[PDB]
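Enquirer: Have a look at this one before I ask anything.
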Amino acid sequence: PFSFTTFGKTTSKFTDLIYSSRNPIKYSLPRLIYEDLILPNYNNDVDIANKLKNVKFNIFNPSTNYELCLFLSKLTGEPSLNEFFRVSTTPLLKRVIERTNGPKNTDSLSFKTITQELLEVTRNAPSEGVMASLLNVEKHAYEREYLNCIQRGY
Amino acid sequence: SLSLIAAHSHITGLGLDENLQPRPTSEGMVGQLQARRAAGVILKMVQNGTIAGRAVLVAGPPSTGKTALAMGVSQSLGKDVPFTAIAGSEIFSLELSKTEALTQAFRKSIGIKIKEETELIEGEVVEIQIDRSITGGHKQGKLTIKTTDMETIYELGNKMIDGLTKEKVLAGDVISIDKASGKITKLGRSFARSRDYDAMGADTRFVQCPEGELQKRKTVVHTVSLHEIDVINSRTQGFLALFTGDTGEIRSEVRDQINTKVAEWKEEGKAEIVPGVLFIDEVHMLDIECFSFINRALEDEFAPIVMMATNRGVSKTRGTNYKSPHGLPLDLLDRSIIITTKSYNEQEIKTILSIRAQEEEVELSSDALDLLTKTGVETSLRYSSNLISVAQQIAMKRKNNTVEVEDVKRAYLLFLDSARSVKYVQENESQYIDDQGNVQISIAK
Amino acid sequence: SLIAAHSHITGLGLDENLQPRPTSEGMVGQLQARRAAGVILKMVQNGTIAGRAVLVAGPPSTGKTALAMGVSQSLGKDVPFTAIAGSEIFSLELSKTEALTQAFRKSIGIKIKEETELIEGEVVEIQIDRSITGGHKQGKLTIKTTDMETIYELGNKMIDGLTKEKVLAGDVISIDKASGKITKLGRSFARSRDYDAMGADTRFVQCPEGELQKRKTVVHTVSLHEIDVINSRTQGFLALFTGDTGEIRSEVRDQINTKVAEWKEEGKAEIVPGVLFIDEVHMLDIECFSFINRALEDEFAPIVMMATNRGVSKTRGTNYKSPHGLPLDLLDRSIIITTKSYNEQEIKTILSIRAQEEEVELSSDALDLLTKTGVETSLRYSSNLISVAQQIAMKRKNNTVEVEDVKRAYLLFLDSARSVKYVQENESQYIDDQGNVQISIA
Amino acid sequence: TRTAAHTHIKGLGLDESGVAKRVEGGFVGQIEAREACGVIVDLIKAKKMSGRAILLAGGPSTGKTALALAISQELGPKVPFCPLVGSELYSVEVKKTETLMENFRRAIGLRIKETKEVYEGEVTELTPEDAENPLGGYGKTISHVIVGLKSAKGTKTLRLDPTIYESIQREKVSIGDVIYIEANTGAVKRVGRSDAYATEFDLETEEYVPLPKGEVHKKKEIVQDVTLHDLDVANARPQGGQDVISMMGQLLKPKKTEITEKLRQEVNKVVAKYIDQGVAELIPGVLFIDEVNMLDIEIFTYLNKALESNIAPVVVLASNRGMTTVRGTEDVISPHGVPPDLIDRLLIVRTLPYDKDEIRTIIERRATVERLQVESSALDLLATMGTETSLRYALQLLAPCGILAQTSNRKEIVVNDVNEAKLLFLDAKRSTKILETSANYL
Amino acid sequence: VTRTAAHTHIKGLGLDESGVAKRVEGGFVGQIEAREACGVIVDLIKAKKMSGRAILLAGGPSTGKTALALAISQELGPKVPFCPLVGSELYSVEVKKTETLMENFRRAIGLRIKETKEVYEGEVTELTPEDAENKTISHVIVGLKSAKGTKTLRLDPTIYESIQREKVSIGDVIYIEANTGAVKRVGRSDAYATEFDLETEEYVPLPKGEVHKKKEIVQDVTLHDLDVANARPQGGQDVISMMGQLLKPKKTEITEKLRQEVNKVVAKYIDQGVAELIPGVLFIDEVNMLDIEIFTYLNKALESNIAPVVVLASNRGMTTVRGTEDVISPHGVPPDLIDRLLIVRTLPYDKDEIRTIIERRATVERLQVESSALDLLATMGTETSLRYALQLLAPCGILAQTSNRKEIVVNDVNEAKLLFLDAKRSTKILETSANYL
Ligand SMILES: Nc1ncnc2c1ncn2[C@@H]1O[C@H](COP(=O)(O)OP(=O)(O)O)[C@@H](O)[C@H]1O
Ligand SMILES: Nc1ncnc2c1ncn2[C@@H]1O[C@H](COP(=O)(O)OP(=O)(O)O)[C@@H](O)[C@H]1O
Ligand SMILES: Nc1ncnc2c1ncn2[C@@H]1O[C@H](COP(=O)(O)OP(=O)(O)O)[C@@H](O)[C@H]1O
Ligand SMILES: Nc1ncnc2c1ncn2[C@@H]1O[C@H](COP(=O)(O)OP(=O)(O)O)[C@@H](O)[C@H]1O
């Protein structure tokens, strides 16, 4: 592909290689916008209002909304009552990365759906089994079409 | 304490006797004795909870009290019973179909009851002595939990060590631990430990140290609707979807599994089904698809009692081209029992206006009450009820406490009703913008 | 499998002279339409002609869809046959032109040749070096037949395929190098040291002989749309099944067209064409007709088969009426095969073929009354009545189906004209078009 | 107990190899419709024919949906029944054709028989036995792990694989828990801690399950009943990708995607392949579409296409309109709102209206189901009510009659109470009468 | 110099303390009855007692309805929230129209929270993290230094982790807020500028004030600010990301459960005396463009306990309701909804009050106009329309400027009248010509 990049080019023991690709389009912002509207400042109110909207008036805060947290801990079955406040105030992809959770209360309203039972069966299962081969057909289509050796077209 | 005075704030419930016989004026409801008795019969078959999926329709002219009787039924129903009052305009959504919107309303109006047994240990942590296992399995701990009254030392397993390390807890942090279920919380930092640290944390919260006994026992009753279980069991982290509203057309297998295991939960007795009332206000503002789904969706055992209100006469049904009684198809009126309301005479208007004056703290004189009664029977009840408050403000601007006839006359002069506005625009049609987009803006031709 | 309405057709029933028999391959009658469909079949099988639209027309209950499925059965293996109806084009995430282009590129095929090595032998040892977190996986394999013993290095994918279908030593497995298949044919050692964890009872197999590596050449068929979704994004193979292929760009199409031309010129790939069948074509919009008009004239365009049962009617999206519901510029590019209604002998033969397929025995008089009822109202009505007459006969505990059974079936289940005559006599009972009804008895 | 205008319907009640009784199974009257539904139920139970449509024609409140419920109850709980309104097909997330096809797949059931040889019980010890000649550069060279399992009436010591120790430390298995290891897949499943080993008396959060019963080595046959739609929606979604977009989609909203025909074809192929082995059994199920006059013409064309297909089951349709315009078409007047080609495809079963004594027997049957006691004079008044007004108005008046009887402290329902309930709750027709009389918008 | 918009000249209703209306005050002239009606309305809003009140203003175009809405807006003051709104804005393609109406309803209710802002400014002289394990630091002792002195602080682990996030070393000017905990690194100190002759470290001077600065503020938030604060389909609203998230969140239908929970939390904070509730005004201009479905939801939502005062304005006569076919109604308002409303009529004008309007807008925009030029502009305003005269004040000033004059004379007015045409003259030209003007 055409490298739409500006970078460190040579005009002509080791020679170190450092990633330096940049977009030639440069968007210029004044310092006034950044230092007045985005960063905290003594005459700014961004940190104060941000805390007041994210922590003080959060409905998942257990200090002031313990009944709702206990309600949702009955429903979901979380072992920790601060899981709801932590989940509501994390970036979603960071929530994806930090998701690995195995203990759950058995006296909860979270359920194991038939599809989830079948997924737990085909987490690890070999061939010649009916209950796994009826659900692993994407890999069967990948294997029978000789699709790991098709050349790139685009 | 957040709630203010509304148009329907005076109503505290149906004014019934023990024999389902309405008093002339009780609990803010005046007149409508046959309608209130029918609503009381509906209330009793709700409270019995043995009949599923009845449709009852409330019909009457405008400013009669169909909405008033519905929210009176809601007030007499009490808390811990689900009540869903939606308009017909809330059905039409972009990312959810209309049929799924009615299914969400139906399963939002029916719920189950769940009992808790809590043994909570709420106290400020003094010290967390860790007994480090050599192999690392089954780590032991010596928690120093302490309220204002007493202190003792507890024995901790490995997973509670993991819980107290996966959320950071230190000395002086107020927590509560349940013995039976093992639930861990972190209420914050005790107020006695506020001056140790000169600048607070981003997440650090200050809570009072608890009083009295360390270990407390309490039972809690929880009422969860079936729609909340539908939302929770649909997604991995589905409790956010209870609040953002992004549910996204929950499939039928999930609802079928939830229904069958709520049924066997009732069989083993952990839960008890609490039926409720769904109030579809302005049901004439619905498509024929909504009416057909309402007809076929009332024949399930997990269907609430549907109350609908209509002020429409023999008009067309939306989505078709033919006129039908009440703006509803004859299939819906087949599976319906109609509560019919009737207009009021001058005495019922006088008593309702007196009630709404006593609700908004407005002190009405007798002559002003009679003048408001005449304006109510001439134009409408709601115009007079809205005139009361502005008459109060006019009187207060005149440095007076009570309202006289002059404040009501000035309030009648400054603000116009529908009929005077209609005559005042029919007299001068040149100044207003017509249906054909023609207007005369020049004041002199 | 189950039995369906078009299950009796097993081909098209024509000779090498393109001459139809009176009854062959489950098809009876319709001689001119059968000969025309055979001509179009041979024109597809030649393959050098592209983008020709064929429109099948006639009355309902005639055999247009029967002729289309007959063409489908006679089309042979490895040739695509996209059979959609008119209403699958309309979608919420695909445009009409894009859904049509996806159908067109599904209907045309690419046959790709590959070279494949076959390795089969007893496993001597397996050494697998996995990292601490299990991410990086590398190792060596030592497979063996009776003539020579070789050691191979393993990659990540082969070792991951080795973990599933757990391969102990002394297991005769077959390795396909290109497809990445692992096929444990059995266990040949039957070791005395047996683990109490493992529950496998794989059968005893003979030790393989001959050379260890065998070269074979294989051919597989993949449509243009599949390669388009594959090259469209990173996870295109999952979107092939979940259908989340949202409006593939034109650059992908141009590059795959150049690529498959390059694969054709190397002898690696072969392009075979197909038949795209639309059923109830009149359901389409006028913009669909314009795009079909300008997309039949492309190099990669299949032989579109078009079916309608409708006379001069309103074309959708327009305010006028046109023959067959299709505008005149699309009718210019289309050659029309017509079909004709049947007589009593053809309807009797159709019902006899249906009864012989449906495992139902009928008498002569029951067949005559079924033929008379079929020629009276409709062929599909009698073809449905064979089933309920069969079920009534087995409820009466007799093997054959008699005249009384089909009379009870005719009395029990209604047809179109009788239901019309029962509705019209009782117009107050049903809800009218104005929504007026009387539910009360009196 | 809760009543929802049903569950007095307990099967059709057809006598064996004969006609149905007049008053049986909670049904009164409709002899011919009951015979037709019995023939249909026997045809479904015969498990041969596919793509057969049945339309129920009748006035409002005549027992069509009661007949469909009786069909579903006669077929059994293992036979799937998917009730559906015509308004549920209109989806805003996905096109309507996909909604109808996934309902078709949901109506199909599959029963799978499998065997499981498992080990479970309380663990006594886990000793990673080091190997003789322990290589070099690595400590802890496990030759095998010994896991001692105990349960009720049995205790077994086991010699496992060196590799299962990674799962042992992956699921945090220690002495004092109950585990679950299978013979073939070789995976632990830590169910929880035993009740006897509740050593942390003061504060612990482990789950505690009782010690399992039976021997540690129990081999049993387990049946699993699953629809084909569950198989399609399990194959289509990413099955444990362990990648960023798989967990991204698992934590996000499950948006309904248009499932391609290719996935359906591979699902059908592998399902038929395991049908051929005999290890599975396919059970078709009845699909119920209510007020089918409400469907668009596009839905009818896709219904035609799906009915001519292979795997689609028997579909039961119902309509109350008699002569109405098909929705989506401007001037196509057809019986029951169904186009004449689909009308030709299906069989029509008509349902007659009732009589006075039939209404009386229905009212008293629902009275015994609601567990109310009614005087025979009040029963006759309710019968006259059901003749002069609609039947459902007389049916829905019983519960207010019961409440007005209970507020007067008598179990019997007496004529003044039903007169009071008539005065309290107006009829639809009397509300129309007061609607025409009143001139104040009523 | 300040810009002048259409309604800059009006400052308020100009009413007396007794409720009577002065003839020429507040930027208004005439219209005494509607001004007194809106004064009674703003006294009702300042009473802070009732919910769900509605008022419709009826009158012709260019009669001063939006002027009255702006006069109400200034009369309430900046303390009371105000959400002016066009009726076309409700039709949205992301979320349904009724939910947008309810979002505006929550937007017209506001809070006041008193909070203090204490901050620490200066140079990092010392940074000693004390571990006190129990790998984990118990606390960090950081000493700051400015021109007026130095001060030592004791900080938790989370502020230390934020310090390591900002790459703060010894000698960097930082920013620490005590309540929130924000750590911002201004740059390296000025006394450490000659350690190298050239390096990337931005050298900021030492702060001239005290290290510790404390002041109090007031935070004006609305209820809707809170509901969009704790209902994020994708979370992480707190983290400053200059480049946005990879998935754009869509506006969603916020359920009644979150509204009830936010109401409960706000009531808990008010009962502690922390927060004060200020109900506001939702102004919907041109209500005649509202669909009937929005009218039905408005009929439902005017009965809530937390609904604000709703001001609607319309100019139509007997008009078909939008979304209907055969429902004629006054002002495009359906007759069920018009029972809840209080209609205040707005009158047209005559020549003299048009002249006082035109000289007020001449005085505010500081163009000097001659007297006979003013009489010509008043006569031309009576003939054509008012807003044509209002919009031709400024080209007369321009043509006076290009002739090096400061006073507008008659010749400028005729030149602007010849150059710029009204609607009637352009329509007259439109009708006679045949080839599309
Ligand atoms: N039975 C009643 N008792 C007291 N007030 C009533 C009653 N019925 C109606 N109202 C008054 O009518 C006003 C609203 O009536 P509403 O329920 O909107 O009439 P409708 O049901 O015709 O729309 C309220 O201000 C309320 O005070
Ligand atoms: N020549 C034929 N051979 C076999 N079956 C036929 C023939 N002609 C008609 N049929 C049967 O008649 C029915 C109607 O044919 P089809 O094309 O599916 O619908 P239509 O003719 O209404 O388009 C089909 O079920 C088909 O099996
Ligand atoms: N033959 C019958 N025997 C007993 N009850 C019946 C019969 N037919 C109808 N019903 C009852 O009448 C009520 C309404 O009938 P329904 O099935 O809703 O009419 P439709 O068939 O038009 O939907 C139901 O509660 C049903 O149980
Ligand atoms: N009574 C008044 N006094 C002063 N200016 C007025 C008065 N009424 C209207 N105006 C002026 O007329 C201009 C347009 O009025 P506007 O509110 O847009 O008319 P409408 O009520 O039709 O919206 C405004 O800029 C306003 O300054």
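Residue numbers (the deposited numbering), protein chains in the order written: chain Q, 1025 to 1036, 1069 to 1210; chain Y, 16 to 460; chain W, 18 to 459; chain X, 22 to 463; chain T, 21 to 154, 161 to 463.
C-beta: ideal position from N, C-alpha, C; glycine also.
Which residue wins for smallest C-alpha separation from residue 116 (chain Y), given the options Y:73, Y:223, Y:79, Y:263?
Expert: It is Y:263.
Enquirer: So, does the CB of residue 269 (chain X) fall closer than 8 Å to a CB anywhere in chain Y?
Expert: Chain Y contact via Cβ: absent.
Enquirer: For ligand 2, is there any heavy atom lying closer than 7 Å to the beta carbon of residue 308 (chain X)?
Expert: Outside the cutoff, so no.
Enquirer: Between residue 340 (chain Y) and chain W, is any beta-carbon pair separated by less than 8 Å?
Expert: Output row for residue 340 (chain Y): interface = no.
Enquirer: Is residue 82 (chain X) near ligand 3, in the sense that its beta carbon is under 7 Å from a heavy atom of that ligand?
Expert: Because some heavy atom of ligand 3 lies under 7 Å away, the Cβ of residue 82 (chain X) counts as near it: yes.
Enquirer: Check whether the Cβ of residue 49 (chain X) lies closer than 7 Å to any heavy atom of ligand 3, and answer yes or no.
Expert: Within the cutoff, so yes.
Enquirer: Would you list, in chain order, the members of the stretch 187-205 of chain W that have their beta-carbon closer than 7 Å to a beta-carbon of chain Q?
Expert: Against chain Q - using a Cβ distance shorter than 7 Å - the residues of the stretch 187-205 of chain W are 195, 196, 197, 198.
Enquirer: Closer than 7 Å by C-beta to residue 24 (chain W): which residues in its own chain qualify, once you throw out the five before and the five after it? Chain order, please.
Expert: For residue 24 (chain W), where only same-chain residues beyond five positions count, the Cβ hits under 7 Å are 374.
Enquirer: When the cut-off is 8 Å and only beta carbons count, does residue 1209 (chain Q) lie next to chain W?
Expert: It does; some Cβ of chain W falls within 8 Å.
Enquirer: Of all the options Y:377, Y:431, Y:65, Y:123, which has the alpha carbon lying nearest to the alpha carbon of residue 282 (chain T)?
Expert: Cα-wise, what sits closest to residue 282 (chain T) is Y:123.
Enquirer: Nearer than 7 Å: is that true of the beta carbon of residue 237 (chain Y) relative to any heavy atom of ligand 4?
Expert: Not so, every heavy atom of ligand 4 lies at least 7 Å from the Cβ.
Enquirer: Any idea if residue 180 (chain Y) is buried or exposed, counting beta-carbon neighbours within 10 angstroms, 16 or more meaning buried?
Expert: Exposed, by the Cβ-count rule.
Enquirer: Using only the heavy atoms of ligand 2, determine whether one of them is closer than 7 Å to the beta carbon of residue 340 (chain X).
Expert: No, since every heavy atom of ligand 2 falls outside the 7 Å radius drawn around the Cβ of residue 340 (chain X).
Enquirer: Hey, how far is the Cα of residue 222 (chain W) from the Cα of residue 187 (chain W)?
Expert: For residue 222 (chain W) and residue 187 (chain W), the distance between alpha carbons rounds to 10 Å.
Enquirer: Closer than 6 Å by C-beta to residue 204 (chain X): which residues in its own chain qualify, once you throw out the five before and the five after it? Chain order, please.
Expert: So the qualifying residues of the chain are 138.
Enquirer: Taking Cβ positions only, does residue 416 (chain X) come closer than 8 Å to chain W?
Expert: Judged by the 8 Å Cβ criterion, residue 416 (chain X) is not in contact with chain W.
Enquirer: Scan the stretch 248-276 of chain X for residues whose Cβ lies nearer than 7 Å to a Cβ of chain Q and list them as they occur along the chain.
Expert: Per Cβ criterion, the list reads 251, 252, 254, 255, 256, 260, 261, 265, 268, 269, 272.
Enquirer: Can you give the Cα-Cα distance for residue 407 (chain X) and residue 253 (chain X), rounded to whole angstroms?
Expert: In a straight line, the C-alpha of residue 407 (chain X) is about 48 Å away from that of residue 253 (chain X).
Enquirer: Does the beta-carbon of residue 85 (chain X), which I'm using as the reference point, lie nearer than 7 Å to any heavy atom of ligand 3?
Expert: Residue 85 (chain X) Cβ: within cutoff of ligand 3.
Enquirer: Per DSSP, residue 511 (chain X) is paired with what?
Expert: The structure shown does not extend to residue 511 (chain X), since chain X is modelled only from 22 to 463, so the question has no answer here.
Enquirer: From residue 406 (chain Y) to residue 388 (chain Y), what does the alpha carbon distance come to, in whole angstroms?
Expert: Distance between the alpha carbons of residue 406 (chain Y) and residue 388 (chain Y): 14 Å.
Enquirer: Where does the unbroken beta strand (DSSP E) through residue 1194 (chain Q) begin, and where does it stop?
Expert: Run containing residue 1194 (chain Q): none in the beta strand (DSSP E); it sits in the alpha helix (DSSP H), 1194-1200.
Enquirer: Here's a check: name, in chain order, each residue in its chain whose Cβ is nearer than 6 Å to the Cβ of residue 34 (chain T), leaving out the five neighbours to either side.
Expert: The answer, listed in chain order, is 42, 45, 46, 48.
Enquirer: By DSSP, does residue 166 (chain W) sit in helix, in strand, or in coil?
Expert: Of the three classes helix, strand and coil, the one that applies to residue 166 (chain W) here is strand, per DSSP.
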